[PDB]
Every structure is written in structure tokens, then in C-alpha cells.
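Beneath this line is the structure, given in C-alpha cells, with notes to follow.
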Amino acid sequence: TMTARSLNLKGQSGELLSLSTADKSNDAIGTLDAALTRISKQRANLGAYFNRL
Amino acid sequence: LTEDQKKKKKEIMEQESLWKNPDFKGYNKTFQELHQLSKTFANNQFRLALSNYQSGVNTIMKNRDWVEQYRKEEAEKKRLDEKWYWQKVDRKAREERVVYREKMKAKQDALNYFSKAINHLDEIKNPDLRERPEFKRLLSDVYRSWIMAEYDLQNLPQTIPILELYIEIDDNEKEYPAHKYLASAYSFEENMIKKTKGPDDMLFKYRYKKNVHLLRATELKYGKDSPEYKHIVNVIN
Amino acid sequence: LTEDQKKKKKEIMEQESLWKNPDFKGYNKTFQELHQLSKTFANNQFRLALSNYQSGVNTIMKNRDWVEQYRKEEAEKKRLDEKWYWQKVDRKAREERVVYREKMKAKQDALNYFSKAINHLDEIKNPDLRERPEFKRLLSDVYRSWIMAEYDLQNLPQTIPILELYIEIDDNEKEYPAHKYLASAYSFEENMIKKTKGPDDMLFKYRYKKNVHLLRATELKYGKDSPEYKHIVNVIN
């Protein structure tokens, strides 16, 4: 894992001091479900593995 | 008309067609020719560059289809709480928001593909191959679509380095639309300096470059020492 | 083409074939010729050297069969605890490790056999026999397989003394692959000095030897004062 584990959206429409913006709002928050899901389930296997040990 | 005036009229119309907003007949023609050129070229990195360019254009074409469908679906909704003028204008502006944000994402995906097409062309290191008409045709098509994708979303400052790279390739400098877009994008940047009260060196830099490409576009379409050429020169002098 | 350019094209293809990764048709051809040469030579130590060389190549060939079978058996397993990306990448990487460790052992057994083939050729003391085409053919085949066994496992520094001994034998110095491998192995060693921040004398030694064999490989395949020869010389000068 690294920030590129999910769609790593930065910034938002309008004037910024960066050179990046977020994508279609619908996916942006939807992505955070993916981010949370992807990491939690990775912990899930580690959890399960601990039980195996 | 003279043979040069007839030739010029024909060429300007072909150049305006060349920069035509994408559609299905132009897509078909473009990719049929590019694939025949790829088979002639027989270069795996050119093949890959074309595969990515085509994926980028497909992103653009699929988006154009989405925009019509989205606007259609909204038009067909019954809106019961839309009885006041501000309510109708409200919902219109929010439709434009979603369309603009989706077009912005389609542009970003299309430019990631165009960037990959360029990165693959960069891997053709042999100078005898980089000078091939096949190489220059594809590279010109990638830059042209890239310029247009940004232009449509009013990202005019971003079009300048790509237009400049474009005109350096195989007599593209003699294309009237290329100089028209450069002049317009430079004009935008000049106006940005005037609105944001930026430095004079940049005001004059952008004004100068606007006038160079304004005059060159004029020369190319109407001819040197034409009433139109003489006019633009007299305004600048 | 000239008679020399036609001859050169033919020879480079034969040399590329000579250094082809081993397979069953090449194995059969190689050992049928070596056994006929052994019968002509009528030297018990050459016979023994060939028996060991063949045992070494057989180790390599039997390993190649093992690697296909092993990967096949793994591919055919149902993997229930492989539902995350890193689980698949894990099990793939460990498969590759087991294959690499088994290939490493096969290389070690094959080189023990090649070493024995050399130790038996060392026992041919008569200079009139050591100069026999039969002697030089087998010795070249042992060094070539030895170089390739190490090359495949990225043991490039180890290939240098064997490539150097190889090129000293019966015009092997005129072989394009021999100089390509030397140049690549020297390049690796140069990079090792740059990465480990080693002494300058070794940096330049390895860089020099890379360039000598790079240029010589170029000369051999394309010809002296060819666009390609001139290019490499101009980069070095």
C-alpha cells in the first residue's frame, strides 16, 4: 500500500495553489469507500493470518 | 484567380477540415489511414503509440456520446419544484456543472493516453525513423487532438507549448488554424496579465506573440500584401 | 551487396544460431557432430571430456523440462486463499524463487561437469593434439555452454574470464555474440562500481573494456567505416 491504493484525488474545482483537482464528485467519495474497503480487507487477511499462526 | 490563389483557397478549406471538431466520419478516416501507415512503418513503438492515441480519441468520442445522453435524460424529467425563473436557471447551471466536470475527467484520461502515445514515440531513437512521414503524421495527430481537448474546455495557456511543438513539425507552421489558435491563446494570456495586474515584460511578451501569429495567420489565408495583410501590418506598425 | 557483405550477413546469422538458447534439435546436431569428431580424434581424454560436457548439457536440458513441469503443476492448483492482489503476487514470486534456486543448482551441477570436461582436456599435453580442430571445437562448446549457463542467471562478472578464454580460440574473436556478451558483462561491472562507489581505476577499466568490445561487435556485424561503426567511434573519441 501507498497513496496509490485508491484513486488518490487531490485539490478541487476552482482556483488553487496546486496543479491538481479532484474528479467527478460521484466517484470521489465512492473511491473513499474503495480506499477504506481495500485497506480494511487487507487488515482482515492479516487478522485471519494471526489466527492461523 | 491565379494558380497560387486557387491552391491557397483549397488548402485553407482542407486545413479548417483538418482541425474540425471530432465526429464519426473523421474518426473512421483518421484511424483507417493511421493503421495503414503503422503497417508500412512496421515499428512496435509506433504501433503502441497509435494504440494509445486511439484509446485517447475513443475517450473523447465516448464522452461526446455521454453528454448527449445525459442532457437527454435530464430533458425528459418532470420537475415539479421548478415553477420559478431562478429554479429553472439553477437546475440548468447544475446540469452544466456535471457535464463540464465529466468532460474535464474525459480530457484528463484522454491526455494521459496522449502522453503515453508521445512516451512511446520518444522511444523511437533512430533519427532516420523519427524523420519518417509516418512518425510525423502520428505525432501531429496526437498534438492536434491534445490541443483541441484543452481548447474546448478553455484551457488556452496549456495549448501554447503543444501548438508550438506542433508548428515545428513537417510544414505545420503553414497551417492557418495553428496560428489562429496560438494568437487566441496568447491573447487570453495578455488579458490575464491585464486583469491580474501582472508584470509589463509578460504583457508585452504575450501581446508580441499574439501579433506575430495574428499577422502570420492573415498572411497564410489572404496572402502577403493583400488588403487584409496590409491592414494588420499597419495596425501593428 | 558485395561478396564480403553477403558473407558477413550469412555469418552473423550462423553466429546468432551458434549462441541460440539450447533446445532438442541443437542438442542432437551438436552431440552427433562431437561424437563423430571424437571417433576421428581417437583420444581417451577427449572422449572423457565429451562424456562430461554432454552430462553437463543434459543437466541443463533436464532442468528446462523440470521448470515447464513445475510451473504447469502450480498453474493447475486451486488457490482458495488468493483472493487479494498481494496474495497472487506473493505466490507468483515464491514460485519464481523455487524455480531460480533449482536452476541455480542445475547450473552448479552443469558447471562441475564442464569443469571436469576442461580438466580432462588439460590432460592432453601434446601440443600437436591441442592444436587439433576436434580439441578446439569441444573446448569452445564447453566454454560457450558455461558462459550461457551463468548468463541466464545474471551471473555476468563470472562470464568474463570464460568469454576471454573463448575468444582466444580458433578465430572465435571474430564472433559478434562473443563481443556483445563481453561488452554487456563489462557494462554490468562498470555499473556495480558506480552503484557501490568503488575505485575510479576499476570504473575506467570496465568502461574501457565495454567500449572496446562494443566497437568490435559493431565492426564485425556492420563493417569498418559503416554509418554504425563511425557513430560508436565518434561517441568514444
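We label chains A, B, ... in the order they appear in the C-alpha cells, count residues from 1 in each chain, and number ligands from 1 in the order shown.
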- Check: which chain A residues lie within 9 Å of chain C using only C-alpha atoms, as a ChimeraX atom specification: /A:41-42,45
Taking N, CA, C and O atoms for each residue, export the selection above as an mmCIF file, in the first residue's frame.
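Below is the file again-v6.cif, written as the result:
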data_model
loop_
_atom_site.group_PDB
_atom_site.id
_atom_site.type_symbol
_atom_site.label_atom_id
_atom_site.label_comp_id
_atom_site.auth_asym_id
_atom_site.auth_seq_id
_atom_site.Cartn_x
_atom_site.Cartn_y
_atom_site.Cartn_z
ATOM 1 N N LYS A 41 -9.908 -4.815 4.343
ATOM 2 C CA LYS A 41 -9.836 -6.215 3.968
ATOM 3 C C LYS A 41 -8.387 -6.689 3.988
ATOM 4 O O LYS A 41 -8.118 -7.818 4.391
ATOM 5 N N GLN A 42 -7.434 -5.830 3.595
ATOM 6 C CA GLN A 42 -6.036 -6.202 3.791
ATOM 7 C C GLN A 42 -5.749 -6.488 5.266
ATOM 8 O O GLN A 42 -5.028 -7.438 5.590
ATOM 9 N N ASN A 45 -7.103 -10.030 6.236
ATOM 10 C CA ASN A 45 -6.293 -11.207 5.949
ATOM 11 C C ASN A 45 -5.200 -11.317 7.004
ATOM 12 O O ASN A 45 -4.908 -12.415 7.486
#
Residues near residue 12 (chain A), anyone? I mean within 7 Å using only C-alpha atoms, not counting same-chain ones fewer than 2 positions away, as a PDB file with N, CA and C atoms, in the first residue's frame.
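Saved to around-v8.pdb:
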ATOM      1  N   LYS A  10      -6.599  14.715  -5.216  1.00  0.00           N
ATOM      2  CA  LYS A  10      -6.173  15.937  -4.517  1.00  0.00           C
ATOM      3  C   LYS A  10      -6.765  17.194  -5.176  1.00  0.00           C
ATOM      4  N   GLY A  14     -11.982  25.055  -9.142  1.00  0.00           N
ATOM      5  CA  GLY A  14     -11.798  26.433  -8.707  1.00  0.00           C
ATOM      6  C   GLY A  14     -10.328  26.823  -8.723  1.00  0.00           C
ATOM      7  N   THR A  21      -6.644  18.656  -9.330  1.00  0.00           N
ATOM      8  CA  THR A  21      -8.019  18.763  -8.860  1.00  0.00           C
ATOM      9  C   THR A  21      -8.667  17.393  -8.729  1.00  0.00           C
ATOM     10  N   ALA A  22      -9.699  17.310  -7.895  1.00  0.00           N
ATOM     11  CA  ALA A  22     -10.461  16.077  -7.739  1.00  0.00           C
ATOM     12  C   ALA A  22     -11.284  15.776  -8.987  1.00  0.00           C
TER      13      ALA A  22
END
- List the neighbours of residue 187 (chain C) out to 12 Å using only C-alpha atoms; skip same-chain residues closer than 4 positions along the sequence, and give me the result as a PyMOL selection string. chain C and resi 156-157+160+179-183+191-194+202-214
- Message: One decimal, in Å: what's the spacing between CA of residue 104 (chain B) and CA of residue 159 (chain B)?
- Response: 15.0 Å
